[PDB]
Amino acid sequence: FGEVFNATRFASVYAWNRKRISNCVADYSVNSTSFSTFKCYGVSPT
Amino acid sequence: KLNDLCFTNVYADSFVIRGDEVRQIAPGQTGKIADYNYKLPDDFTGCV
């Protein structure tokens, strides 16, 4: 996550950046960095 | 339509909070504010 939301630059919206994730162990509460929007649709963020 | 009623056990919950977290207070919200400082029941009945 660290470089995933905190790096030098993200690509544009039409030319967007995709990343592939699996084979790990996750957390949602590592919110600590202020998020002006946090919406989870179809599954509870809790 | 409130003034048409005879209410029961009226409680006014007072505090102050930042303008960047106005939307955080509602019956079924989550996040640091509404989980660690205040909390609203999910069957709430009252005015904000």
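Residues numbered from 1 in each chain as written, not as in the entry; some residues may be left out. Chains lettered and ligands numbered in written order. Part of a larger assembly, values for the part shown. Heavy atoms only, no water.

Method of structure determination, per the deposited record: cryo-EM was used for this entry, reaching 3.9 Å resolution.

K.L.:
I tried to follow the overall build of chain A on my own but got confused; where do I start?
P.N.:
Looking only at helices and strands, chain A has one helix and zero strands in total. Taking the principal axes of the C-alpha coordinates as reference, chain A spans close to 30 × 30 × 25 Å. For chain A, the accessible area works out to roughly 4700 Å², and carbon and sulfur atoms hold 56% of it. (Helix = DSSP H or I, 4+ residues; strand = E, 2+ residues; numbered from the N terminus. Areas by Shrake-Rupley, 256 points an atom, 1.4 Å probe, with all protein chains shown as cover.)

K.L.:
Where do I start with the overall build of chain B in this structure?
P.N.:
Within chain B, the secondary structure is distributed over one helix and zero strands. Seen along its three principal axes, the alpha-carbon backbone of chain B occupies a region of about 35 × 20 × 15 Å. Per-residue burial over chain B gives 8% buried out of 48 residues. On chain B, roughly 4600 Å² of surface is accessible, and the fraction owed to carbon and sulfur atoms is 53%. When the 5 basic and 7 acidic side-chain charges of chain B are each reduced to a single mean position, those positions are 5 Å apart. (Buried < 20%, exposed > 50% of the residue type's maximum accessible area, 1.4 Å probe, protein only. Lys, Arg positive; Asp, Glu negative; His and termini not counted. Charge placed at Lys NZ, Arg CZ, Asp CG, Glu CD.)

K.L.:
Any chance you could explain the environment of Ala34 of chain B here in plain terms?
P.N.:
All names here are of chain B. Structurally, the position occupied by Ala34 is in helix α1 (residues 32-36). Classification of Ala34 as buried rests on a relative accessible area of 7%. Through-space distance from the C-alpha of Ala34 to that of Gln24 is 6.3 Å; in sequence the pair is ten residues apart. In this view, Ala34 contacts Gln24, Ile25, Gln29 and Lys39; residues no more than four positions away in its chain are not counted. (Contact = heavy atoms within 4.5 Å.)

K.L.:
Quick question: what am I supposed to make of a nonpolar patch on the surface here?
P.N.:
All names here are of chain A. Taken together, the side chains of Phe1, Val4, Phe5, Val30, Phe35 and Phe38 define a hydrophobic patch exposed on the protein surface, amounting to about 590 Å² of accessible area. Position of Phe1 among the secondary structure elements: in the segment before α1 (2-5). According to the relative accessible area criterion, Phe1 is exposed, its value standing at 56%. (Patch = residues over 30% accessible without salt bridge, like charges linked within 9 Å, V, L, I, M, F, W, Y side chains within 5 Å. Salt bridge = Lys/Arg side-chain N within 4 Å of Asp/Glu carboxyl O.)

K.L.:
Sorry if this is basic, but what is going on with the packing of aromatic side chains here?
P.N.:
Two descriptors summarise a pair of aromatic rings, namely the distance from one centre to the other and the angle between the planes of the rings. If you walk through the whole model with that rule in mind, you get three aromatic pairs over all chains. For the ring pair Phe35 of chain A and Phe38 of chain A, a centre distance of 6.4 Å and an interplane angle of 50° mean the geometry is tilted. Of the residues examined, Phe38 of chain A reaches a relative accessible area of 46% and is grouped as partly exposed. Pairing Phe15 of chain B with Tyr38 of chain B gives two aromatic rings, centres 5.6 Å apart and planes at 35°, and the pair type is tilted. (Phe/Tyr/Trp six-rings, centres within 6.5 Å; stacked < 30°, edge-to-face > 60°.)

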